[PDB]
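Trainee: I'd like to ask some things about the structure below.
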RNA sequence: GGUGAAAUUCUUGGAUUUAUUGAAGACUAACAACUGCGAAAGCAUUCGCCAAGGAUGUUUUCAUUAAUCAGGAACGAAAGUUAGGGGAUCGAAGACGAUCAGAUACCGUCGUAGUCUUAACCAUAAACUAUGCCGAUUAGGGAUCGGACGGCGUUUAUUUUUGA
Ligand SMILES: [Mg+2]
Ligand SMILES: [Mg+2]
Ligand SMILES: [Mg+2]
Ligand SMILES: [Mg+2]
Ligand SMILES: [Mg+2]
Ligand SMILES: [Mg+2]
Ligand SMILES: [Mg+2]
Ligand SMILES: [Mg+2]
Ligand SMILES: [Mg+2]
Ligand SMILES: [Mg+2]
Ligand SMILES: [Mg+2]
Ligand SMILES: [Mg+2]
Ligand SMILES: [Mg+2]
Ligand SMILES: [Mg+2]
Ligand SMILES: [Mg+2]
Ligand SMILES: [Mg+2]
Ligand SMILES: [Zn+2]
Ligand SMILES: [Zn+2]
Ligand SMILES: [Zn+2]
């Protein structure tokens, strides 16, 4: 699963995404999300809450294999991040798998 | 002065080699520098072959062999007459000696 | 030896030395046209391709990369262009 | 007195002769180490310490070994040769062959030659020091 | 503007108790006042309360560890070996 | 030497009275399991049964070294000796079962030679019968008739490939077996022929052998199996 | 037991030796070579994980990005030092038995630090190829390790191409 780190950078440069928990939840409420990512050390209640919304919305969810510190630095930002949503793909092919 | 091109060790292209123990005085020498002899011998000396043959209970019998590999330091090499001093020109000759195949 | 015309070496001697040790460097690689059995299309493939090349139709493999020149599929034929 | 058996068949034993470079031991068992038929060493028979390991002392010890084991009913022996082993010489001592010949000459039967010298897969450092015995 | 050559944190003891004892105490004291990153929330706010208790100032979790460090090499090697042994034996 | 004893019996002692301990000994016969050809392998000695000391208890933990050539009446297998462990002693009839196998030392040194590559592996395995036993294996490189080059050396990548093939084949063969079936495969050296047939393509590897077999654990005594194998 | 030869030491309070079982620490014989890797010191039991490296192949990419270096910095055998664990075998110091006119040694039985490992210092060796680094040219030969290319054949497999 080493490829996903490089795959996300292209989406960041080309497409547009929203970071954080409140904004991802609002996008999932809007129903126009296509894929959600969840960090390893987010609270289990938050985990199950996000998965329950994803199950209602029929959108895929991916469990990142690292904590939120490298999840944050994997997007070029200088702060921690625990969850995120892909509002749209750019020139990448994330939705293929 | 250099007496030998190979420094009498045969080690060029590396820095270190594990040592070994001499089979006579229990000295430590590099494995490539020690003298190694491989020996194949019978269980019993040639005069006893018949005594074993007729004292066996398996009609014809073939006595097994014995294999040893002894290794000495140079100090033990020429005191046991395993190797001997050569001349200046004869030093640079690494061909094995021709064993006698006729024995007069 | 002791009398040679170095300006005009024999073609065998220039086809036999290393590719950089000749009088003037020249590549020893080539292109080729492959006859795919399933379809009638044409693909140009490097002799020393480092990547698996996919044909436009029916999506079949044509070669496997290796240390030197790529090896072709058994049920394939090629001509050097 | 002895095991009842027909005259044609013969019963087997095993002898473990330990021949080092200072002394020789002859030990006869019954195909297992639980029971020792007899044991004799060069030391009692000989009258000088240096001569305890001599081939002559080993042949003499083999003679009375055969004599002592003859009335027990055992009629044939297997031999199990072993050297000092470990960090030792691993070469059998001078009194090996002598005693072995005397065993064959006395009339005893022989079978299954073997060497049981113990060899290490990778041994600890050996006694003597870095310079060895300098004499 | 270093105020010290080599003594470091253990300069509060003045000229008492000997250099070796001050060095030994300083080496172990330096690791006890520092801050460590929380393993649950990820923030860098975890401090020692009692002799074997460390707590995070953000998620308010408290964990029992070593005397002067959150974890010990012996305990880490024992947790790792136990996990390896369990997973090979039962799976 | 007679004249070296100084303390003799020690601080203070006295001579003995009763000698010749051979008046109370007994002789027993030894049998062999079912697969082997000959059953009698020799005689054994033990003290006569008496009060407070039963004889059968002393004949239940003995081990014997018997060459496989004698058991099979064939001089080809003259280099393998096997161990037999005594379990139950019927009246004037000792019963035994398998306890191991091993090559002779001299053949192994005759096989080991300079300027070739030797392949070695080991693996533990358990049978359908709850026996936990370990296997050793041996192989050597094979010379080609038309070689001019002095030395035959294999590369470590094939060396490990061979090691993996050997381990997988031995585990697959020994996965589901019993002692009687495995020994029936041991005496004709069946395992080698599959090892060689599987590995010829990577490299020849002549002289494929199983060096030795030893067992680590055993279940309950299960006298029924012993009587099943004995007394045919 | 050990020695040119003795003694110190252990022994019917069963020495030494024979077979089976258990525990502890260190080390990987033979294979092992005018053979491999690393800046050197150095590196050899199996397997799993992690990052790193040389060489070969290339009708990929940038375009002088380079060579040696006063001071400066990283590494640096063995022995040695400061704190824990471990402590089988040898063995500095030390205690005995012999030789000798003497023997605080060479020979033999014991034996502390040390020999192993974790966290930190020390920066010296016949650290030797007694031969500084980069670049160009100069003679014949045959071996050999890694990659690539051509060819007549043998062997062999759910077999061809591959592997030897
Ligand atoms: Mg080099
Ligand atoms: Mg050096
Ligand atoms: Mg003696
Ligand atoms: Mg001298
Ligand atoms: Mg005893
Ligand atoms: Mg090895
Ligand atoms: Mg090699
Ligand atoms: Mg300088
Ligand atoms: Mg050191
Ligand atoms: Mg200590
Ligand atoms: Mg001494
Ligand atoms: Mg000692
Ligand atoms: Mg040290
Ligand atoms: Mg210097
Ligand atoms: Mg230099
Ligand atoms: Mg070819
Ligand atoms: Zn020596
Ligand atoms: Zn096609
Ligand atoms: Zn926290």
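Trainee: Using the Cα atoms of chain E to build a convex hull, what is its mean projected area in square nanometres?
Mentor: For chain E, averaging the hull's shadow over all directions gives 9.2 nm².
Trainee: Then there's this: Return the percentage of antiparallel bridges among DSSP beta bridges fully within chain D, rounded to the nearest 5 %.
Mentor: Bridges in chain D are about 50 percent antiparallel.
Trainee: On to the next question. Between Rg and the Kirkwood Rh of the protein assembly as shown, both from Cα atoms, what is the Rg to Rh ratio? It would help to have the intermediate numbers written out before the result.
Mentor: Numbers: Rg = 39.8 Å, Rh = 36.6 Å.
With Rg and the Kirkwood Rh in hand, the quotient comes to 1.09.
Trainee: Averaged across B:27-34, how many Cβ atoms of other chains sit within 10 Å of each residue's Cβ atom?
Mentor: Taking all residues of B:27-34 together, the mean is 2.
Trainee: OK, next. Given R₀ = 41 Å, FRET efficiency for residue E:72-residue F:26 by Cβ-Cβ distance, to 0.05?
Mentor: 0.05
Trainee: How large is the Kirkwood hydrodynamic radius of chain D, counting all unique pairs of alpha carbons, in Å?
Mentor: Radius from the Kirkwood sum: 16.3 Å.
Trainee: In deg cm²/dmol and to the nearest 500, what is the mean residue ellipticity at 222 nm of the protein assembly as shown if only DSSP H runs of at least 4 residues count, each as -39500 (n - 2.57), divided by the residue total? Let's see the in-between values first.
Mentor: Values: 18 runs with 174 residues, N = 740.
Taken over the protein assembly as shown, the calculation gives -7000 deg cm²/dmol.
Trainee: Taking only Cα atoms, what is the 0 to 90° angle, nearest 10, from helix E:19-29's long axis to the longest principal axis of chain E?
Mentor: The angle comes out near 40 degrees.
Trainee: Continuing with this model, one more query. If you take each beta carbon of peptide D:104-113 and count the beta carbons of other chains within 10 angstrom, what is the mean? Could the numbers behind the result be given before it?
Mentor: Numbers: counts 9, 3, 1, 1, 1, 4, 9, 7, 11, 10.
Rounded to a whole number, the mean comes out at 6.
Trainee: I'd like the mean, over residues of B:52-65, of how many other protein chain beta carbons sit within 10 Å of each residue's own Cβ.
Mentor: Per residue, the number of nearby Cβ atoms from other chains is 5 on average.
Trainee: Another question, then. Within region F:176-216, whose backbone N sits under 16 Å from a point 7 Å along Cα→Cβ of residue F:222?
Mentor: What the label zone holds, given the 16 Å backbone N cut-off, is F:176-183, F:215-216.
Trainee: Follow-up. Given 10 °C and 1.306 mPa s, how large is the Stokes-Einstein diffusion coefficient of chain A in µm²/s, with Rh as the Kirkwood radius over Cα pairs?
Mentor: Here the translational diffusion coefficient equals 118 µm²/s.
Trainee: For the modelled label position 7 Å from the Cα of residue F:202 along Cα-to-Cβ, which residues of region F:120-146 have backbone nitrogen atoms closer than 20 Å?
Mentor: It comes to F:120-125, F:135-144, nothing else.
Trainee: On C-alpha positions alone, give me the angle between the axis of helix F:190-199 and the longest principal axis of chain F, in degrees, nearest 10.
Mentor: Orientation of helix F:190-199: about 20 degrees from the principal axis.
Trainee: Taking only Cα atoms of region F:153-215, what ratio of Rg to Rh do you get with Rh as the Kirkwood inverse-distance radius?
Mentor: Radius of gyration over Kirkwood radius for region F:153-215 works out to 0.99.
Trainee: Determine, for F:115, E:54, F:27, the number of other Cβ atoms within 10 Å of each Cβ, and report the residues in order from fewest to most.
Mentor: Ranked by crowding around the Cβ, least crowded first: F:115, F:27, E:54.
Trainee: Over all alpha-carbon pairs of chain C, lay out the pair-distance distribution in 5 Å bins, whole %, shortest bin first.
Mentor: For chain C, the pair-distance distribution reads 3, 12, 19, 17, 12, 9, 9, 7, 6, 3, 2, 1, 0.
Trainee: For chain E, find the longest principal axis of its Cα atoms and tell me its angle to the long axis of helix E:73-90, 0 to 90°, nearest 10.
Mentor: In chain E, helix E:73-90 runs at an angle near 10 degrees to the longest axis.
Trainee: Test of understanding: extend the Cα→C-beta vector of residue F:107 to 7 Å, then name every residue of region F:29-54 with backbone N under 18 Å from that spot.
Mentor: Under cut-off, by backbone N: F:36-37.
Trainee: Determine, for each peptide in F:180-188, D:71-79, E:21-29, the mean count of other beta carbons within 10 angstrom over its residues, then list the peptides with the highest first.
Mentor: Sorting F:180-188, D:71-79, E:21-29 by mean packing, highest first, produces D:71-79, F:180-188, E:21-29.
Trainee: In the calculated pair distance distribution of chain B, what percentage of Cα-Cα distances lie above 24 Å?
Mentor: Summing the P(r) of chain B above 24 Å gives 49 percent of all pairs.
Trainee: As an exercise, take the mean of 1/r over every pair of distinct alpha carbons in region F:104-161, invert it, and state the Kirkwood radius in angstroms.
Mentor: Details: mean 1/r = 0.0701 Å⁻¹.
Computed over region F:104-161, the radius equals 14.3 Å.
Trainee: Further question: Output the direction-averaged projected area (hull surface divided by four) of the convex hull of the alpha-carbon atoms of region F:1-57, in nm².
Mentor: Mean projected area for region F:1-57: 8.4 nm², to one decimal.
Trainee: Still on this model: Kindly give the semi-axes, whole Å and largest first, of the ellipsoid equivalent to region F:113-232, taking each as the square root of 5 times a Cα gyration tensor eigenvalue.
Mentor: Over the Cα atoms of region F:113-232, the ellipsoid semi-axes are 35, 14, 11 Å.
Trainee: Please list log₁₀ I(q)/I(0) at q = 0.23, 0.33 Å⁻¹ for region C:27-73, using the Debye equation with identical point scatterers on the alpha-carbon positions.
Mentor: Debye curve over Cα of region C:27-73, log10 I(q)/I(0) at q = 0.23, 0.33 Å⁻¹: -0.81, -1.40.
Trainee: What are the principal axis extents of the Cα atoms in region D:11-57, in Å, biggest first?
Mentor: Per principal axis, max minus min of the Cα coordinates gives 35, 18, 17 Å.
Trainee: Another question, then. Can you sort B:58, D:12, A:79 from fewest to most other Cβ atoms within 10 Å of each residue's own Cβ? Write out the running numbers ahead of the final one.
Mentor: Values: B:58 14, D:12 19, A:79 10.
Taking fewest neighbouring Cβ atoms as first place, the list is A:79, B:58, D:12.
Trainee: Further question: Just the Kirkwood number for region F:7-166, please: inverse of mean 1/r across all distinct Cα pairs, in Å, one decimal.
Mentor: 20.9
Trainee: By counting other Cβ atoms within 10 Å of each Cβ, how are B:83, D:11, C:24, D:26 ranked from fewest to most?
Mentor: Ordered from fewest to most neighbouring Cβ atoms within 10 Å, B:83, D:11, C:24, D:26 come out as C:24, B:83, D:11, D:26.
Here the Cβ is made from the backbone with ideal geometry for all residues, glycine too, and neighbour counts use every protein chain on show. Bear in mind these aren't lab numbers, they're just calculated from the coordinates by the rules spelled out.
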